[PDB]
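Take a look at the letters that make up each chain.
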Amino acid sequence: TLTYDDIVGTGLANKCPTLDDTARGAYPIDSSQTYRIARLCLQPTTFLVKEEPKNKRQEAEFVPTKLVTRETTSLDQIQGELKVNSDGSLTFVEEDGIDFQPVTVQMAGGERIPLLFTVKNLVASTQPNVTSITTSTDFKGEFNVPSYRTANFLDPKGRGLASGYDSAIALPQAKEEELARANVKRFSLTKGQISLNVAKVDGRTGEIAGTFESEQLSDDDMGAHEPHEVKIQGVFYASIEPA
Amino acid sequence: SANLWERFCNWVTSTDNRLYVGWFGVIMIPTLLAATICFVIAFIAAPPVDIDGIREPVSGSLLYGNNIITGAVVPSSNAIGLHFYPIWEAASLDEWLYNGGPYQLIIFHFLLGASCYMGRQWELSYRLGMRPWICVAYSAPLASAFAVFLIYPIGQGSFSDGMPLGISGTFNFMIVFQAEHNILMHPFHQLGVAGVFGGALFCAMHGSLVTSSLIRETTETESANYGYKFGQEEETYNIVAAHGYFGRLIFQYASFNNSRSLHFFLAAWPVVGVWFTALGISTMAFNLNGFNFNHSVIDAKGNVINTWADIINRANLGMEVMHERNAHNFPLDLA
Amino acid sequence: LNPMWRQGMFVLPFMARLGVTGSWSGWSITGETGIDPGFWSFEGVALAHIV
Amino acid sequence: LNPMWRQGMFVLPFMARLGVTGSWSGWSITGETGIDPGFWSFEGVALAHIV
Amino acid sequence: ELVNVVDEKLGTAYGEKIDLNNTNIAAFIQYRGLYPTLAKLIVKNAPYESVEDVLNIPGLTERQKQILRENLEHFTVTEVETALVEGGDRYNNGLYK
Amino acid sequence: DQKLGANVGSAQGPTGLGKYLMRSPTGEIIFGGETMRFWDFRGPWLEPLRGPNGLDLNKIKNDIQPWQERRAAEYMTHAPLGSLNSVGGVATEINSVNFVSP
Amino acid sequence: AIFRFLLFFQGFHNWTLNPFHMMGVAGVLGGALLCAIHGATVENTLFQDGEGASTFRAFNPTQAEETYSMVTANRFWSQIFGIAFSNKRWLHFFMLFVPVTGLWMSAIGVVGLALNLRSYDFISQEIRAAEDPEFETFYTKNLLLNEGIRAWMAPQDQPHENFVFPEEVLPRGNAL
Amino acid sequence: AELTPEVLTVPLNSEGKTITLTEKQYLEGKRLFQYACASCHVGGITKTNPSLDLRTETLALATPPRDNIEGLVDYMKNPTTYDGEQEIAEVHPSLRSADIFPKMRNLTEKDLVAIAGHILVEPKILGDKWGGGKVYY
Amino acid sequence: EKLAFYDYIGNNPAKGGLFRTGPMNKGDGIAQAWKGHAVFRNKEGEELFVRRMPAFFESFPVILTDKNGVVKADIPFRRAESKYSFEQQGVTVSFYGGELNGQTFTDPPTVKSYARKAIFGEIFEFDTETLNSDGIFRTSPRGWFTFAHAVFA
Amino acid sequence: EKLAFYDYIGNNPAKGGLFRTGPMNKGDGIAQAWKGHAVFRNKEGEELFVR
Ligand code: CLA
Ligand code: CLA
Ligand code: CLA
Ligand SMILES: CC(C)=CCC/C(C)=C/CC/C(C)=C/CC/C(C)=C/CC/C(C)=C/CC/C(C)=C/CC/C(C)=C/CC/C(C)=C/CC/C(C)=C/CC1=CC(=O)C(C)=C(C)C1=O
Ligand SMILES: CCCCCCCCCCCCCCCC(=O)OC[C@H](CO[C@H]1O[C@H](CS(=O)(=O)O)[C@@H](O)[C@H](O)[C@H]1O)OC(=O)CCCCCCCCCCCCCCC
Ligand SMILES: CC1=C(/C=C/C(C)=C/C=C/C(C)=C/C=C/C=C(C)/C=C/C=C(C)/C=C/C2=C(C)CCCC2(C)C)C(C)(C)CCC1
Ligand SMILES: [Cl-]
């Protein structure tokens, strides 16, 4: 174990715990004993942004991006119950934790793509009949993607949703129909997909690890413009305990 | 070769160079060149910077929609605070430009060189056999740069609160400063304007007086300036006629007759005044602000009778309440 | 559908003809990404000449 | 609703203050028609000064 | 068409009474004995399909349910608005003195 | 706010950064707001809440001691802010508290 | 009462953004520079006309030779700054010109403020700021400060208007 | 325009009975209000919890009622939440916690009545200012 | 119409800027018609009045008061605790004479829109297309002459 | 698409004018997509061809 000072500034704090190459066993499920996740953690590795195919529909792919912010990406302290289902499957239901981190990445052109990387209200599920959690025991489910900026946020001209100006006060006698979209703030709420596929188990202490892949929309700037589609790959670590 | 290093030192120290590269110059010249080059490029083509660390990038470069008056080089991020953020501290240049990297590179290089610039103003004076203290006069504008770019950020806990490198950005620095510190109601600032106003006053005083008491050596249709040759023995103006005039303007004993006592006063006044204004910013960097006469005079019942000090407070609230919109989450501004 | 010669580029093609086909910002003439042009990017070339 | 002082007219009013309120083309400052300004119209005044 | 959900919300029951499903917790202070304990319970316990549903909060003592019944006339209920509920704005919407 | 029933860990501020808790540039969990600049602060009252990765969400949730709460309240209401004529607070404050931090 | 006059001009007229004012300060600040730099140059380029260290007494009130080395001052600044005077008559007229010209420019600007013909905005900036909610410069920032100044000051600064601004209409940022 | 005893007449208890303070008590309370309250309660607000102020109306809708001498005085000995369903003397200055809040050690029953009186008289004088914050400054 | 046109702040020489070049029409646009006098009322039927903009102010808030000057309605900045929002007060607007004569509007956006305009005095219909106006006030020849000659003098 | 784009006279250098300044995009506009090959037929079903 390492104290705070042994981590400060090293970047280690933005790193989900890891299991050794050994720990590749299996954790048993009593199915008559409630389980929960004491600590789920998500560490991003890559941020992919699906590019707009221009007007010419030609099918679009995801493109790598540079992390214009720094080591503030990881999700940690996630918690909730891992209820066993009648079909013998497992479903995780998140309660609370650092379930979101605002990320901003740049592209080829130089465009900054801000997103709210999150897993809020996560409902991941596994395969039916899973007496023991083996290596690669896929977790799949949805989560909620709230607006990047919240209600109180004001644009450089003072306009906002829950507060701020009603219109473009700098242009007292201008036509407003054109400025409509920029004056009227909208609060976006969308769904997201994620899949946690195990790679390392440890029946002894009951801590699994592996890799994840999630998809969601980026910031729409209070509904000022269209959001980009984002794909996020990284690694995860979960602490399963009876409780 | 009499000895390479010995020659090198003789070349550096040489008073026969068009521009005196001193020993301070060996540090000045490179640091200033890095500062200037980085600035020019930044001011023109640098991308928007997240100054307040709230993921709200501010564009201040020409190519990104600015003009000379609005354009600026934006201070480093508030997420960085007082941390050292060189290029080799970033995963990429994209990241470095987003977090206001250039700003630190400029201010550190400028302040270092500008200090050496002061050091050189001593050195050349030494090599030429003239008295020093010219550099001491330059210590006042330098101390202001130090206070605005370094001292205030150290005090406030972040370089993001340092004065931006641009016209309008400077205006922002002032307005906000006034809100958080009430600088207009601070003695050190008042001494500053006194030095600056007086400075301009005296600059015009002396200027006019001297140029008005010039000895005639020029034609009616010939520039009065030609009545002076570079490298004269005697004076080109009648200082006794000047004193005679100004002495009657106010009253004799309130007038200078000693050129040396005159020029000392001419140098002392603005330098001392600016010294205090530099100390003002350095003092209000630790939140020892100007006088607070809010709700001082109250009537016999307890009603608050307003003064001009209260009207100033209303303007100050307006600045405070509106500055850094989305940066605050809590009631008191302790940062 | 929108290459250099459609955008009235005159110097840009001469830089690509001899190798320089990338930018410090990430994009490239061939249309690739993730590429590392090194120093000798269009920016790099432009920089050198100015110096 | 659209008089001279809305159209950034600076010289025109000074010509109207002293009598000249018509044009050779038929219209007039007051908004009348069929009027005959004679020679001294805005054109006329402009003409004179040039000469 | 584009509309400001918050300004539109002010034309309903919200903006007239304490909305048990939207209105921020601090609003419960303008009535006797509602704020600390009870308002926490109200907000924490999900939205409500009707005003009276608040009486069904599990654990409520006989006195609490008494207080609630008294202040029901000051309550209403509207659709949960994300803009007003997201970001934990019901516990702190960034407003102070 | 946590006593009012707020989940400090997942609370989203106006900019979408984290009303109460956020991350430092190197990943450590720190306090939110303009206070992101002072994440280098260490103090007796605050340390027992800190973990190996910074502020622990578990200790914050139920290990907060009363003496820390009133300690925080004390130091909050005694920030080194004041005027030359010794009037504690922001330049816009009203006369009442005669104080300027030593 | 003069301090409010400054803050008023900022809030309502955006006086700092006025080119004529800018020339003004350029004249005063630069004039306060010439005052300083010239005073210091002379005192530290003086000839030795006495045997004491306090060289003030060693001055001849009755003209004759130059009390300070004009030739040395020239070579000094020519090597540290690159540019230097070499004509006291021009040097002193310049000390008249700069601050007097400055005050005069600042005057013209105020004359325009009488008709409220201020240098408040940049139209190209506002137009983009309206259409694009992500566009922000230090210029836009400043205007928001003006709005706060105007709103919070007007009631007690212009009593004759009987202003009544409800709390809800007062422009405010977050928390503050 | 003066501090009349007409102004210094504030409600003593819940049953309508009133008490009339003296200019000596007022000043003394005012001084005692700066000594131990102003730190957090400057100008009738609450820095560490802006949701609750010292407005007479706010104190009236408190539980128990704290808009009178008896109310406030009880609060300064055994402080509660706005609903009174919880004692907060551990994180709030009071007589029963003077060991924790040294400022409260000196304070005697005479001091408590003065401070209480101060809170009830100020809004009579200042009005909206006493309640609101920077808006009314 | 002419008489009504003078009661519009967009003709006040004290509005405008030093570098806001061109005629007054490059601003609010070419005046086409008088929309008519706007009378504002609330649910109770009370007639409200829009506080006009002083020349000093580049921007001004929308506030409605009765005859006695009592604030009855406004357009809030912070909605969280708004007491006088047009929605809460059921503010409506009616026009008499002119383009909008005899018509009534009750949908809050439209009402606030005209309330936002009443600030400037009589509401007019402008042609912004033609001269490509930017909607920013400019001063009259009266202003420019005064400025030039005050400086020259 | 790229191949089809070359078979468009708006990329022929022999089109244009001496004072028709700017890029080719100021002319026909920025190419967005290929609408597709157009086949012309008449009532009899015969396929026609555009000169
Ligand atoms: C870098 C900072 C800076 C600087 C250097 C300046 C510089 C200037 N400002 Mg300024 N200003 C600034 C920032 C700055 N501004 C900011 C941030 C604001 C806020 C927006 C303003 C707002 C502002 C306003 C509102 C005005 C100025 C004006 C001026 C100019 C005139 C000052 C002067 O000489 O008064 C001298 C004034 C006189 C009247 C001279 C005559 C005085 C007599 C001769 C003295 C008699 C004294 C008597 C004998 C003694 C008795 C007194 C008794 C107490 C003993 C000057 C060019 C003024 C201007 O432009 O005027 C044209 C003006 O009105 N400023
Ligand atoms: C000869 C070399 C050359 C060539 C082939 C090009 C080619 C091009 N340039 Mg270019 N350019 C060049 C040099 C060149 N440039 C130089 C040296 C500069 C620096 C000033 C520029 C600056 C520049 C800019 C700023 C732009 C271009 C653009 C363009 C593109 C549009 C073409 C255009 O507008 O033509 C226009 C051609 C003409 C108008 C022909 C003018 C012929 C004159 C009028 C004849 C004069 C006759 C003379 C007066 C007679 C007197 C003699 C008598 C007394 C005997 C095209 C790819 C544009 C672009 O990027 O497109 C997107 C653009 O915006 N260029
Ligand atoms: C002073 C006399 C005067 C006045 C009051 C006007 C008034 C007007 N003119 Mg006009 N004009 C004049 C003389 C005048 N004119 C002259 C002499 C010419 C011939 C060049 C014109 C040519 C002209 C045209 C072509 C047009 C107008 C228009 C207009 C109208 C729009 C106003 C405008 O654009 O202002 C703009 C004002 C400014 C931008 C202010 C400039 C101030 C400068 C920048 C200060 C310079 C400071 C200096 C450099 C400092 C250095 C000194 C330092 C070294 C010490 C307005 C009614 C327009 C119109 O008809 O409206 C529909 C129009 O299109 N004018
Ligand atoms: C990439 C890009 C675009 C970068 C942009 C960066 C940026 C934002 C730049 C903006 C700059 C900008 C536009 C500035 C605007 C401000 C400005 C130009 C104002 C207008 C000026 C004006 C007409 C106003 C009127 C007032 C006026 C006349 C003031 C003039 C001020 C002035 C020039 C003072 C000179 C001061 C100075 C340093 C003099 C040095 C003289 C000298 C070396 C003396 C030393 C000396 C002393 C002695 O005693 C003796 C004996 C000798 C011998 C001797 O030598
Ligand atoms: C990372 C490390 C980078 C290393 C860089 C490579 C080495 C430096 C190469 C320099 C090449 C450029 C030559 C410049 C010539 C010159 O300056 O004057 C030529 C003169 C003539 O002397 C000189 O010239 C003489 C030869 S001759 O007369 O020129 O032929 C010579 O004999 C004598 O020794 C010499 O003094 O040089 C000097 O007077 C010495 C001072 C030079 C000052 C350097 C610039 C000062 C900058 C200060 C900061 C400014 C900030 C930005 C301003 C916009
Ligand atoms: C005197 C002397 C000398 C010389 C020296 C020199 C001359 C130096 C120089 C130096 C230099 C000359 C330096 C420079 C530097 C530069 C820099 C440092 C820059 C930087 C920049 C940057 C970093 C940029 C960035 C960016 C931006 C900002 C935006 C756009 C993009 C980019 C990225 C580009 C010798 C040695 C002989 C000896 C001693 C003495
Ligand atoms: Cl700001």
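Residues numbered from 1 in each chain as written, not as in the entry; some residues may be left out. Chains lettered and ligands numbered in written order. Part of a larger assembly, values for the part shown. Heavy atoms only, no water. Residues with missing side-chain atoms left out of burial classes, pairs and counts.

- Judging from the entry metadata, X-ray crystallography is the method by which this structure was determined, and 5.700 Å is the reported resolution.

1. Regarding the site of ligand 5
All names here are of chain B.
Right, on to step 1. What surrounds ligand 5 is the set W11, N17, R18, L19, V21, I29, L32, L33 and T36.
Right, on to step 2. One of the side-chain N or O atoms of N17 is found 2.7 Å from an oxygen atom in ligand 5.
Right, on to step 3. At 3.0 Å, a backbone N or O of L19 approaches an oxygen atom of ligand 5.
Right, on to step 4. For ligand 5, whose unbound accessible area comes to 1200 Å², protein coverage reaches 28%.
Right, on to step 5. For the shell around ligand 5, the element with the highest residue contribution is helix α2 (residues 25–45), accounting for four residues. (Near = heavy atom within 4 Å. Polar contact = N/O pair within 3.5 Å; in protein donor to acceptor, adjacent residues only side chain to side chain. Areas by Shrake-Rupley, 256 points an atom, 1.4 Å probe, with all protein chains shown as cover. Helix = DSSP H or I, 4+ residues; strand = E, 2+ residues; numbered from the N terminus.)

2. Overview of unusual backbone geometry
Right, on to step 1. In this chain, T63 of chain H is followed by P64 of chain H through a cis amide linkage whose omega measures 0°.
Right, on to step 2. By the element assignment, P64 of chain H lies in the loop between α3 (56–60) and α4 (69–75).
Right, on to step 3. One non-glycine residue, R55 of chain B, lies in positive phi territory at about 50°.
Right, on to step 4. For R55 of chain B, the position within the fold is in the loop between α2 and β1 (72–73).

3. Focus: the arrangement of the chains
Right, on to step 1. Counting contacts across all 21 pairs of chains that touch, the top-ranked interface belongs to chains B and G.
Right, on to step 2. Separated in space, chain B and chain I share no contact, their closest pair of C-alpha atoms being 12 Å apart.
Right, on to step 3. With respect to C-alpha atoms, chain E approaches chain J no nearer than 29 Å, and the pair has no contact. (Contact = heavy atoms within 4.5 Å.)

4. Observations regarding the sheet that holds strand β7 (residues 100–106) of chain A
Across a sheet, strands are paired by hydrogen bonds formed along the backbone, either parallel or antiparallel in direction.
Residue and element names in this part refer to chain A.
Right, on to step 1. Pairing in this open sheet of three strands is antiparallel, and the strands run β4-β7-β8 from one edge to the other. Single-partner strands in this sheet number two, and they are β4 (66–67) and β8 (112–118).
Right, on to step 2. As judged from the two bridges shared by β4 and β7, these two strands associate in the antiparallel manner. When the bridges of β7 are listed, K66 appears paired with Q106. (Pairing = 2+ DSSP bridges.)

5. What to know about a negative patch on the surface
Right, on to step 1. Taken together, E177 and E178 of chain A, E131 of chain G together with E129 of chain I make up a surface patch of like negative charges.
Right, on to step 2. Along the chain, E177 of chain A falls in the loop between β11 (139–146) and α1 (180–183).
Right, on to step 3. On the basis of relative accessibility, which here comes to 64%, the residue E177 of chain A falls in the exposed class. (Patch = residues over 30% accessible without salt bridge, like charges linked within 9 Å, V, L, I, M, F, W, Y side chains within 5 Å. Salt bridge = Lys/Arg side-chain N within 4 Å of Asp/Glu carboxyl O. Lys, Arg positive; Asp, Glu negative; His and termini not counted. Charge placed at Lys NZ, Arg CZ, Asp CG, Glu CD. Buried < 20%, exposed > 50% of the residue type's maximum accessible area, 1.4 Å probe, protein only.)

6. Some points on the interface of chain B and chain G
Right, on to step 1. Taken together, the contact between chain B and chain G spans 108 residues of the former and 84 residues of the latter.
Right, on to step 2. Roughly 8600 Å² of surface becomes buried between chain B and chain G when both sides are summed, with 65% attributable to carbon and sulfur atoms.
Right, on to step 3. Two residues, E235 of chain B and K88 of chain G, come together in a salt bridge whose shortest N-O distance is 2.8 Å.
Right, on to step 4. Inspection of the region where chain B meets chain G yields 33 residue pairs in polar contact.
Right, on to step 5. Mapped onto the side of chain B that touches chain G, the elements with two or more residues apiece are α4 (101–127), α5 (134–137), α7 (167–181), α8 (187–212), α9 (239–249), α10 (259–283) and α11 (308–322) of chain B.
Right, on to step 6. The element contributing the most residues to the side of chain B that touches chain G is α8 of chain B, with 14 residues.
Right, on to step 7. The residue inventory of the side of chain B that touches chain G, partitioned by class, reads 55 nonpolar, 38 polar and 15 charged. (Buried area = accessible area lost by both parts, 1.4 Å probe. Nonpolar A, V, L, I, M, F, W, Y, C, P; charged D, E, K, R; others polar.)

7. What to know about a nonpolar patch on the surface
All names here are of chain B.
Right, on to step 1. The grouping of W5, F8, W11, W23 and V26 at the surface amounts to a nonpolar patch, some 550 Å² of accessible area in total.
Right, on to step 2. Counting residues per element, the nonpolar patch draws most heavily on helix α1 (residues 4–13), at three residues.
Right, on to step 3. Counting through the fold element by element, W23 comes out in the loop between α1 and α2.
Right, on to step 4. Given the relative accessible area of 34%, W23 is considered partly exposed.

8. Some thoughts on the side chain of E168 of chain G
Right, on to step 1. Position of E168 of chain G relative to the elements: it lies in the segment after α6 (138–157).
Right, on to step 2. An unpaired buried charge is present at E168 of chain G: no salt bridge exists, and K83 of chain I, the closest side chain of opposite charge, is 6.5 Å distant.
Right, on to step 3. In terms of polar contacts, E168 of chain G uses its side chain to reach the backbone amide nitrogen of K83 of chain I, at 2.6 Å.
Right, on to step 4. Among residues more than four places away in sequence, those in contact with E168 of chain G are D74, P76, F77, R78, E81, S82, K83, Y84 and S85 of chain I.

9. Quick notes on empty space enclosed by the protein
Right, on to step 1. Volume-wise, the largest cavity comes out at about 580 Å³.
Right, on to step 2. The wall of the largest cavity is formed by 35 residues, among which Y165 and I169 of chain A together with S59, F60 and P61 of chain I lie closest to the centre.
Right, on to step 3. Residue contributions to the lining of the largest cavity peak at three residues, all from α6 of chain G.
Right, on to step 4. Looking at the lining of the largest cavity, its residues break down into 22 nonpolar, four polar and nine charged. (1 Å grid on protein atoms, 1.4 Å probe; cavity = no way out; pocket = protein on both sides within 12 Å on 5 of 7 lines; lining within 4 Å. Points joined across faces, edges and corners; volume = space filled by probe spheres on them.)

10. What about the site of ligand 3?
Right, on to step 1. Surveying the vicinity of ligand 3 reveals 14 residues, the closest of which are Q7 and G8 of chain D together with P23, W144 and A148 of chain I.
Right, on to step 2. Looking at what sits near ligand 3, you find residues from chains D, G and I.
Right, on to step 3. Contact between ligand 3 and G8 of chain D: an oxygen atom at 3.1 Å from a main-chain N or O atom of the residue.
Right, on to step 4. Mapped by element, the contributors of at least two residues to the shell around ligand 3 are α4 (88–114) of chain G together with α4 (141–152) of chain I.
Right, on to step 5. Per-element tally for the shell around ligand 3: the top contributor is α4 of chain I, with four residues.

11. Brief notes about the environment of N85 of chain F
Right, on to step 1. For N85 of chain F, the location among the structural elements is in the segment after β5 (82–83).
Right, on to step 2. Considering only alpha carbons, one finds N85 of chain F and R70 of chain F, 15 residues apart in sequence, at a separation of 28 Å.
Right, on to step 3. Residues within four places of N85 of chain F in sequence aside, it is in contact with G290, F291, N292 and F293 of chain B together with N98 of chain F.
Right, on to step 4. Within the structure, the side chain of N85 of chain F is placed 3.0 Å from the backbone nitrogen of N292 of chain B, a separation counted as a polar contact.
Right, on to step 5. At 2.8 Å, the side chain of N85 of chain F forms a polar contact with the side chain of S83 of chain F.

12. Brief notes about the domain arrangement of chain A
Residues and elements named next belong to chain A.
Right, on to step 1. The domain boundaries assigned to chain A delineate domain 1 (21–149 + 186–243) and domain 2 (150–185).
Right, on to step 2. Taken over C-alpha atoms, the centre of domain 1 sits 35 Å from the centre of domain 2.
Right, on to step 3. The partner domain 2 presents seven residues to the nine residues of domain 1 that form the contact.
Right, on to step 4. Among the residues domain 1 hides against domain 2, the three largest losses belong to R149, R186 and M222. Together they make up 64% of the total. (Domains from an automatic or database assignment.)

13. Thoughts on the interface of chain A and chain F
Right, on to step 1. Taken together, the contact pairs 35 residues of chain A with 29 residues of chain F.
Right, on to step 2. Overall, the association of chain A and chain F removes approximately 2500 Å² of surface from exposure, summing both partners, and the carbon and sulfur fraction of that is 49%.
Right, on to step 3. Taken together, chain A and chain F are joined by two salt bridges.
Right, on to step 4. One salt bridge in this structure joins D96 of chain A and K61 of chain F, with 2.9 Å as the shortest N-O distance.

14. Quick look at the environment of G36 of chain J
Residue and element names in this part refer to chain J.
Right, on to step 1. For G36, the position within the fold is in the loop between α1 (2–6) and β1 (40–41).
Right, on to step 2. Judged by its relative accessible area of 33%, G36 falls in the partly exposed class.
Right, on to step 3. A C-alpha to C-alpha distance of 8.9 Å links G36 and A4, two positions 32 residues apart in sequence.

15. Points about the pairing of strand β1 (residues 30–41) of chain I
Residues and elements named next belong to chain I.
Right, on to step 1. With nine of twelve residues buried, β1 is to be regarded as a mostly interior element.
Right, on to step 2. Here five bridges tie β1 to strand β7 (residues 123–127), and the two strands are oriented antiparallel to one another. Counted as the bridge partner of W34 is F124 from β7.
Right, on to step 3. Direction of pairing for β1 relative to strand β5 (residues 92–96): antiparallel, over a ladder of five bridges. Each residue of the ladder has a partner; that of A38, found in β5, is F95.
Right, on to step 4. In terms of strand pairing, β1 meets strand β2 (residues 47–50) through two bridges, oriented antiparallel. Across the sheet, the residue bridging to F40 is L48, located in β2.
Right, on to step 5. Linking β1 to β2, which pair antiparallel, is a turn of five residues; within it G45 sits at a positive phi near 90°.

16. Some words on the packing of α11 of chain B against α6 of chain G
Right, on to step 1. Where α11 of chain B contacts α6 of chain G, the axes come no closer than 7 Å and their chain directions differ by 150°. Looking at the two axes, α11 of chain B sits roughly antiparallel to α6 of chain G. Every pair of crossing elements has a handedness; the one defined by α11 of chain B and α6 of chain G is right-handed. Within the contact between the two elements, α11 of chain B uses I311, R314, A315, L317, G318, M319, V321 and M322 of chain B and α6 of chain G uses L144, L145, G148, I149, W152, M153, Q156 and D157 of chain G.
Right, on to step 2. By residue class, the composition of the contact of α11 of chain B with α6 of chain G is eleven nonpolar, three polar and two charged. (Axes fitted to C-alpha atoms, helices over the stretch in contact; angles between N-to-C directions. Parallel < 35°, antiparallel > 145°, perpendicular 65-115°, else oblique. Left-handed = near helix turned anticlockwise from the far one by under 90°.)

17. Things to note about the packing of aromatic side chains
Right, on to step 1. Applying the stated criterion to the full structure yields 69 aromatic pairs over all chains.
Right, on to step 2. Measuring from centroid to centroid gives 6.0 Å for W5 of chain B and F8 of chain B, while their planes differ by 15°, and the two rings are stacked. You can see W5 of chain B and its partner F8 of chain B sitting in helix α1, three residues apart, about one turn around the helix.
Right, on to step 3. Seen in terms of ring centroids, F12 of chain G and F57 of chain I are 4.9 Å apart; in terms of plane orientation they differ by 70°. Their pairing is edge-to-face. Here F12 of chain G is found in helix α1 (residues 3–13), whereas its partner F57 of chain I is found in the loop between β2 and β3 (63–65) on a different chain. Note on accessibility: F12 of chain G and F57 of chain I belong to one class, buried.
Right, on to step 4. Here the aromatic residues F5, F8, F9, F12, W15, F163 and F165 of chain G together with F56, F57 and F60 of chain I are joined through ring pairs into a cluster of three or more. (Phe/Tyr/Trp six-rings, centres within 6.5 Å; stacked < 30°, edge-to-face > 60°.)

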